[PDB]
Amino acid sequence: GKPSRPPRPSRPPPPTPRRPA
Amino acid sequence: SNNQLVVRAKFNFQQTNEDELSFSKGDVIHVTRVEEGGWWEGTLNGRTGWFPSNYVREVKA
Amino acid sequence: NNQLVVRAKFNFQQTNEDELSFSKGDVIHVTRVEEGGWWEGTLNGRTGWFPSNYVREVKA
């Protein structure tokens, strides 16, 4: 029972978390 | 007093810690910091935090 | 069977149940790879999409 899952989220992925200097 | 930018969420974003700001598409966010690097800071419903700058669109004043 | 596994470098929180939440250190079994910054995988009973650059390849 391997279901059929949807395509990638249509939105862009969030960037990696903020890391200030 | 001082001018302040306002943005509207284009997508949903769910914070992973208390320094990030969660929102639903359509939420109106008052911007507090803009910087290069992919993240801006703003306030929504009494919460403050960073969010992806590419996840919002501007609102005409 | 050979499998691709990745380890979370950063936390990620789903916005719906087609996306996979995880914490730094979680090991995820990859189910789909596509261009665009999103991969799909399985962690502890759930399957969903997540940002590919939040994880690093490891070995099972």
# chains A, B, ... in the order shown; residues from 1 in each chain; ligands from 1
>>> closest_atom_pairs(of="chain A", to="chain B", cutoff="8 Å", atoms="only C-alpha atoms", output="JSON lines")
{"residue": "A:11", "atom": "CA", "partner": "B:11", "partner_atom": "CA", "distance": 7.3}
{"residue": "A:14", "atom": "CA", "partner": "B:52", "partner_atom": "CA", "distance": 6.2}
{"residue": "A:15", "atom": "CA", "partner": "B:38", "partner_atom": "CA", "distance": 6.3}
{"residue": "A:18", "atom": "CA", "partner": "B:39", "partner_atom": "CA", "distance": 6.5}
>>> write_last_selection(atoms="N, CA and C atoms", output="CSV table (one decimal), in the first residue's frame")
chain,number,residue,atom,x,y,z
A,11,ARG,N,5.7,26.3,-4.1
A,11,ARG,CA,6.5,27.5,-3.6
A,11,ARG,C,8.0,27.1,-3.5
A,14,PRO,N,12.1,27.5,2.0
A,14,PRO,CA,12.7,28.5,2.8
A,14,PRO,C,14.2,28.4,2.7
A,15,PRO,N,14.9,29.5,2.9
A,15,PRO,CA,16.4,29.4,2.9
A,15,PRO,C,16.9,28.8,4.2
A,18,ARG,N,18.8,31.9,9.4
A,18,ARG,CA,19.7,33.0,9.5
A,18,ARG,C,20.9,32.8,10.5
>>> interface_residues(of="chain A", to="chain C", cutoff="9 Å", atoms="only C-alpha atoms", output="number ranges by chain")
A: 5-9, 12-17
>>> write_last_selection(atoms="N, CA and C atoms", output="compact mmCIF listing (two decimals), in the first residue's frame")
# COMPACT_ATOMS: atom_id res chain seq x y z
N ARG A 5 1.62 10.20 -3.69
CA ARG A 5 1.78 11.48 -3.04
C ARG A 5 1.96 12.59 -4.08
N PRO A 6 1.78 13.85 -3.68
CA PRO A 6 1.70 14.93 -4.66
C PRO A 6 3.08 15.39 -5.11
N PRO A 7 3.15 16.26 -6.11
CA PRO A 7 4.44 16.83 -6.50
C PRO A 7 5.00 17.73 -5.42
N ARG A 8 6.21 18.20 -5.67
CA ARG A 8 6.89 19.16 -4.83
C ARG A 8 5.97 20.33 -4.50
N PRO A 9 6.09 20.93 -3.31
CA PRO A 9 5.42 22.20 -3.06
C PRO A 9 5.72 23.19 -4.18
N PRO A 12 8.86 28.16 -3.45
CA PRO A 12 10.28 27.89 -3.22
C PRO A 12 10.52 27.47 -1.78
N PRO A 13 11.53 26.64 -1.52
CA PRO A 13 11.80 26.25 -0.14
C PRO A 13 12.31 27.44 0.66
N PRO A 14 12.11 27.45 1.97
CA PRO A 14 12.71 28.51 2.78
C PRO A 14 14.22 28.39 2.73
N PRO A 15 14.94 29.50 2.85
CA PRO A 15 16.40 29.43 2.92
C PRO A 15 16.86 28.81 4.22
N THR A 16 18.12 28.40 4.25
CA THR A 16 18.69 27.90 5.49
C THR A 16 18.61 28.99 6.56
N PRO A 17 18.55 28.61 7.84
CA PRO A 17 18.26 29.60 8.88
C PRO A 17 19.31 30.70 8.97
>>> interface_residues(of="chain C", to="chain B", cutoff="10 Å", atoms="only C-alpha atoms", output="compact mmCIF listing (two decimals) with C-alpha atoms, in the first residue's frame")
# COMPACT_ATOMS: atom_id res chain seq x y z
CA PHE C 10 18.56 22.26 10.59
CA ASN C 11 15.06 22.12 11.99
CA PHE C 12 12.13 22.32 9.58
CA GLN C 13 8.40 22.58 10.30
CA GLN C 14 5.72 21.43 7.87
CA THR C 15 2.98 23.78 6.70
CA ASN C 16 0.70 20.83 5.84
CA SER C 21 8.78 18.19 9.99
CA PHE C 22 12.08 17.21 11.56
CA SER C 23 14.69 18.24 14.11
>>> select_by_dssp(residues="chain B", states="strand (DSSP E)", output="list in words")
residues 6, 7, 8, 9, 28, 29, 30, 31, 32, 33, 39, 40, 41, 42, 43, 44, 47, 48, 49, 50, 51, 52, 56, 57 and 58 of chain B
>>> write_last_selection(atoms="N, CA and C atoms", output="PDB file, in the first residue's frame")
ATOM      1  N   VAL B   6       5.196  47.508   5.350  1.00  0.00           N
ATOM      2  CA  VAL B   6       4.176  46.496   5.581  1.00  0.00           C
ATOM      3  C   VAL B   6       4.264  45.494   4.442  1.00  0.00           C
ATOM      4  N   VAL B   7       4.211  44.211   4.777  1.00  0.00           N
ATOM      5  CA  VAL B   7       4.257  43.159   3.773  1.00  0.00           C
ATOM      6  C   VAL B   7       3.144  42.165   4.064  1.00  0.00           C
ATOM      7  N   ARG B   8       2.826  41.369   3.049  1.00  0.00           N
ATOM      8  CA  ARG B   8       1.776  40.365   3.118  1.00  0.00           C
ATOM      9  C   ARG B   8       2.372  39.016   2.745  1.00  0.00           C
ATOM     10  N   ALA B   9       2.072  37.991   3.538  1.00  0.00           N
ATOM     11  CA  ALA B   9       2.631  36.668   3.280  1.00  0.00           C
ATOM     12  C   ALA B   9       2.108  36.104   1.962  1.00  0.00           C
ATOM     13  N   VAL B  28      -0.701  39.997   7.411  1.00  0.00           N
ATOM     14  CA  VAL B  28      -0.079  41.305   7.225  1.00  0.00           C
ATOM     15  C   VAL B  28       0.980  41.490   8.304  1.00  0.00           C
ATOM     16  N   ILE B  29       2.212  41.745   7.873  1.00  0.00           N
ATOM     17  CA  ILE B  29       3.387  41.769   8.734  1.00  0.00           C
ATOM     18  C   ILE B  29       3.996  43.163   8.680  1.00  0.00           C
ATOM     19  N   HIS B  30       4.312  43.718   9.846  1.00  0.00           N
ATOM     20  CA  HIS B  30       4.960  45.018   9.944  1.00  0.00           C
ATOM     21  C   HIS B  30       6.460  44.805  10.097  1.00  0.00           C
ATOM     22  N   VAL B  31       7.222  45.295   9.125  1.00  0.00           N
ATOM     23  CA  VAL B  31       8.642  44.981   9.010  1.00  0.00           C
ATOM     24  C   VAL B  31       9.438  45.836   9.983  1.00  0.00           C
ATOM     25  N   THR B  32      10.384  45.206  10.679  1.00  0.00           N
ATOM     26  CA  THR B  32      11.268  45.898  11.604  1.00  0.00           C
ATOM     27  C   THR B  32      12.721  45.915  11.158  1.00  0.00           C
ATOM     28  N   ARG B  33      13.160  44.908  10.405  1.00  0.00           N
ATOM     29  CA  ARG B  33      14.527  44.845   9.913  1.00  0.00           C
ATOM     30  C   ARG B  33      14.547  44.248   8.518  1.00  0.00           C
ATOM     31  N   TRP B  39      16.480  36.626   5.013  1.00  0.00           N
ATOM     32  CA  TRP B  39      15.562  36.762   6.135  1.00  0.00           C
ATOM     33  C   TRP B  39      15.343  38.231   6.464  1.00  0.00           C
ATOM     34  N   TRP B  40      14.086  38.582   6.724  1.00  0.00           N
ATOM     35  CA  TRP B  40      13.711  39.873   7.286  1.00  0.00           C
ATOM     36  C   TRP B  40      13.011  39.647   8.617  1.00  0.00           C
ATOM     37  N   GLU B  41      12.899  40.714   9.407  1.00  0.00           N
ATOM     38  CA  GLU B  41      12.267  40.662  10.721  1.00  0.00           C
ATOM     39  C   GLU B  41      11.004  41.512  10.719  1.00  0.00           C
ATOM     40  N   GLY B  42       9.978  41.049  11.426  1.00  0.00           N
ATOM     41  CA  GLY B  42       8.744  41.806  11.503  1.00  0.00           C
ATOM     42  C   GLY B  42       7.865  41.319  12.632  1.00  0.00           C
ATOM     43  N   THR B  43       6.725  41.986  12.775  1.00  0.00           N
ATOM     44  CA  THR B  43       5.792  41.727  13.856  1.00  0.00           C
ATOM     45  C   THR B  43       4.428  41.364  13.291  1.00  0.00           C
ATOM     46  N   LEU B  44       3.763  40.443  13.983  1.00  0.00           N
ATOM     47  CA  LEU B  44       2.446  39.953  13.597  1.00  0.00           C
ATOM     48  C   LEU B  44       1.731  39.487  14.854  1.00  0.00           C
ATOM     49  N   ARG B  47       3.658  39.044  18.052  1.00  0.00           N
ATOM     50  CA  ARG B  47       4.876  38.254  17.979  1.00  0.00           C
ATOM     51  C   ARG B  47       5.864  38.929  17.037  1.00  0.00           C
ATOM     52  N   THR B  48       7.151  38.749  17.323  1.00  0.00           N
ATOM     53  CA  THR B  48       8.217  39.296  16.501  1.00  0.00           C
ATOM     54  C   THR B  48       9.176  38.175  16.138  1.00  0.00           C
ATOM     55  N   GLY B  49       9.698  38.217  14.919  1.00  0.00           N
ATOM     56  CA  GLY B  49      10.704  37.247  14.534  1.00  0.00           C
ATOM     57  C   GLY B  49      11.084  37.395  13.078  1.00  0.00           C
ATOM     58  N   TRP B  50      12.024  36.548  12.672  1.00  0.00           N
ATOM     59  CA  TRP B  50      12.545  36.536  11.315  1.00  0.00           C
ATOM     60  C   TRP B  50      11.756  35.573  10.439  1.00  0.00           C
ATOM     61  N   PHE B  51      11.644  35.927   9.165  1.00  0.00           N
ATOM     62  CA  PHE B  51      10.907  35.137   8.194  1.00  0.00           C
ATOM     63  C   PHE B  51      11.617  35.227   6.853  1.00  0.00           C
ATOM     64  N   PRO B  52      11.336  34.304   5.930  1.00  0.00           N
ATOM     65  CA  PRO B  52      11.997  34.356   4.617  1.00  0.00           C
ATOM     66  C   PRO B  52      11.549  35.571   3.821  1.00  0.00           C
ATOM     67  N   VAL B  56       7.146  36.955   1.149  1.00  0.00           N
ATOM     68  CA  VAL B  56       6.223  38.067   1.328  1.00  0.00           C
ATOM     69  C   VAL B  56       6.236  38.953   0.090  1.00  0.00           C
ATOM     70  N   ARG B  57       5.178  39.742  -0.039  1.00  0.00           N
ATOM     71  CA  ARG B  57       5.083  40.757  -1.075  1.00  0.00           C
ATOM     72  C   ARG B  57       4.731  42.087  -0.424  1.00  0.00           C
ATOM     73  N   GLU B  58       5.116  43.169  -1.087  1.00  0.00           N
ATOM     74  CA  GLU B  58       4.940  44.519  -0.560  1.00  0.00           C
ATOM     75  C   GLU B  58       3.484  44.957  -0.653  1.00  0.00           C
TER      76      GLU B  58
END
>>> atom_distance(atom1="CA of residue 7 (chain C)", atom2="CA of residue 21 (chain A)")
25.5 Å
>>> atom_distance(atom1="CA of residue 41 (chain C)", atom2="CA of residue 28 (chain C)")
5.9 Å
